[PDB]
């Protein structure tokens, strides 16, 4: 469950949040494969409640109606088409698996669902599965409301309804088997692994019992005995009875400490400075690197949901965001996930984004296609951070330096830092209010290297900055504090 199952020399996954299957399939072929992306985390592919108030929110996808592969992202044919086409170009699919719960207990009965399946939350009837009243935790939960009231109580966090979401009885073999059926369907199609949604809300032992029932990965694409990559969503910043480590037996775990702390550092809040990143990783109290799924922001905290707080960096803060993502992708700690977002009409009323619910770009609820602008950015309000040169090139930086040790660290005691990865890559940051101008040991072979932040190598030349490494590995770097991208990165494959 710990191995990503990505192609050798591909080290990141990108969350193509709310993208349609046909768009992802094309994206794999035209972009993700040639740019060296390891894989795609997709939005939940299973049927959900069509919520009309508010109008088709992002969060409707986290209210299951059945396990039919039928969503705003597309139908089963399109899903199968996407996984095949992506695997065929060496790009993996990871499914957002919503298995803790069905929909909200107060959602109306009917066929307001993405495939038109009937469901009745009040009577606990989901006949397209099927689930009945016997399949939920109503009798197991011990709170007055039936919902989670207190995170200091590990039991109710597991047995009670998250925000009123009907809590599946995962202690039952029937329920475990229905979920395993869904996941095995996905595995056989060719899915490489799963983001396990709301993992904190399930007993580690129940997740395990579900995982016990799963097939090995599709043997046309994956070596015999390959197990699905598992990464579990557990928000653990400390101070709760449930710990990220409780889930290590099942796979990797999201390290939410990662983006919270990095955001604070890059913003220079709370007295934090980039020089403090010298011991980034386990030295910052983070989980073991071999279990961490790391990211700057995710689909929840980029809009203030879940954990996060104000420190989280997102596309809205493009300049600091790129630096934070650049730092993540250069540093060996964790397995990296890059966010890919859509723009929504962000509108604050007393410190709250009243539009944090808004779903993907749409015309009357129909998800808009991802259009590609001439310059390879996206139209239709898709942000496509993964296509921003500064991020895409850092994705390849991580591939190039894979397995190389953190080395040649420099800092000025403030916010000017640099480090290398073995003899394969070097990166330099200026987050101070003055110019960073200095000759530094890069650990790299002598030569002319294209800075992959400002530009690209195109056979024999660079479209941006050029860095000159002399015979002793030293190179001069000059980064103004006024630089729009106040960092530079060079690696073995950017050498002329």
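Residue numbers count along the first chain shown, from 1.
Higher mean CA B-factor, judged across 412 to 420 and 301 to 309 from the recorded values: 301 to 309. As the entry records it, the average C-alpha temperature factor is higher for 113 to 121, out of 291 to 299 and 113 to 121. Within the selection 98, 83, 401, 148, the deposited Cα B-factor values reach their highest point at 148. Of the candidates 259, 238, 359, 251, the one whose C-alpha carries the top B factor in the deposited record is 238. For residue 496, the recorded CA temperature factor ranks within the highest third of the chain's modelled residues.
Among the modelled residues of the chain, residue 180 sits in the middle third by CA temperature factor in this PDB entry. When the CA B factors of the chain's modelled residues are split into thirds, the value for residue 29 lands in the middle one. Ranked against the other modelled residues of its chain, the C-alpha B-factor of residue 270 as given in the entry falls in the highest third. In this PDB entry, residue 346 carries a Cα temperature factor that places it within the highest third of its chain's modelled residues.
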